[PDB]
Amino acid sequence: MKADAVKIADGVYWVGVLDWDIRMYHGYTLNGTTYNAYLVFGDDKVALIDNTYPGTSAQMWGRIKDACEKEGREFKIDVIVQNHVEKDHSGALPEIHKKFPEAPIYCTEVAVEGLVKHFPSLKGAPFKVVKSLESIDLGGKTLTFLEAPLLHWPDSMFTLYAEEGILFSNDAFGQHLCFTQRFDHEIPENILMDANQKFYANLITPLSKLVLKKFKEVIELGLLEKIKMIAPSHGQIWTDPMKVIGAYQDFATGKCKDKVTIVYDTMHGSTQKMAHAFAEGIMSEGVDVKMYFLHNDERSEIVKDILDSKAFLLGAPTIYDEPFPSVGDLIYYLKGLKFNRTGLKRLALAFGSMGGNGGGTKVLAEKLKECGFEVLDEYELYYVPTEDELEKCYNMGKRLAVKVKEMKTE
């Protein structure tokens, strides 16, 4: 298919793929995304940095062809860089190798085995293992590699185009957005940063300590000031790299708002009434509230709002001695994300209605603790809340909101 490349610097093009139609990936929702791949034209060698998901290469090849024509060059790739083995960025590597079998493939040591396990036709491909601070010369353009294990896979690495300071960061600093506009400043800031927050919350939270360590290494290497553009593998290219670095710094150190995220499920509406009553009390103190109903809403938006919330409420009715099962999905997600690794133990309350022996709230409190929250109280009641019982929820919310505002903003 015919598809035009987008120039991002002299001799550097975006040749990625617009996945207009995807609505879910990993455990998170979205309204399309991109698989960003880049073509760098040196005097001697043309380098392709990352590629795209299996079966979506038609756009990529069209843009690569378009870029070579604009450069007056043959349709030829001399160098292949694979920052990350996950298949939304490597899925076309077998195609690329089959068309250019002599082009070396630069990747990390553990990436070789991962790529071969994904794509057995790559066994015997000219892999060239790289380590941090190693560089290849393309002819007037230099690519420098920086290893980034567990950011977000063991195989991950960054590639820096030194002369213009363009950091190809793969997933790091990406956002799941699919626009015709390619750069951060070309879309509304609120959309950009909300998507950055969702991306961090769902993929980077458990790596928060590795983020700070990598930031400390980049600073001591003197490399931070040499980064003028961050070109991630999903979403917008950052012409303001410090904006997203500052965001990651905030998220990794627990900088939160006077904000509470309330999550609940219900069968007959009683736990829902309690959840709304807790919100009224919280709002009476000027503290913000996000309200999620697990019947309708899903984990990826919930954890987005938890990321900059100082407190997290979870409620569910008791059903055969256990909390309603929908909470198990979120709890298992929170056990993997480990929000306590941001440096903050967010406050929490457990609540629900019951009709017999109860116990669901007890379980929720235990799980909220296993997930790294500081549970301050529990409240379980019988069937439909009375007027006074909703006032108790209001009072509990108010007291929580007071504590939220006294917690110092990290």
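Throughout, we count residues from 1 along the sequence that is shown.
Given the B-factors recorded for C-alpha atoms, which segment has the greater mean, 51-59 or 361-369? Higher mean C-alpha B-factor: 361-369.
Averaged over C-alpha atoms, is the B-factor higher for 231-239 or for 132-140 in this PDB entry? Comparing averages over the C-alpha atoms only gives 132-140.
C-alpha B-factor winner, where the candidates are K214, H89, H276, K290: Within the set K214, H89, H276, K290, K214 shows the top C-alpha B-factor.
From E225, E301, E322, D184, pick the one with the largest CA B-factor in the entry? When the deposited C-alpha B-factors of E225, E301, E322, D184 are compared, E225 is largest.
Please place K259 in the lowest, middle or highest third of its chain by C-alpha B factor as given in the entry. As the PDB entry reports it, the C-alpha B-factor of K259 lands in the middle third of its chain.
Consider only the C-alpha atoms of the modelled residues in this chain, order them by B-factor as the entry records it, and name the third containing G356: lowest, middle or highest. For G356, the deposited C-alpha B-factor lands in the highest third.
Lowest, middle or highest third - CA B-factor, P385: According to the entry, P385 has a C-alpha B-factor in the chain's middle third.
Select lowest, middle or highest to describe the third in which the CA B-factor of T318 falls within its chain in this entry. It falls in the middle third of the chain.
Give the position of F251 by CA B-factor within its chain, expressed as the lowest, middle or highest third. Middle third - that is where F251 ends up once the chain's C-alpha B-factors are sorted.
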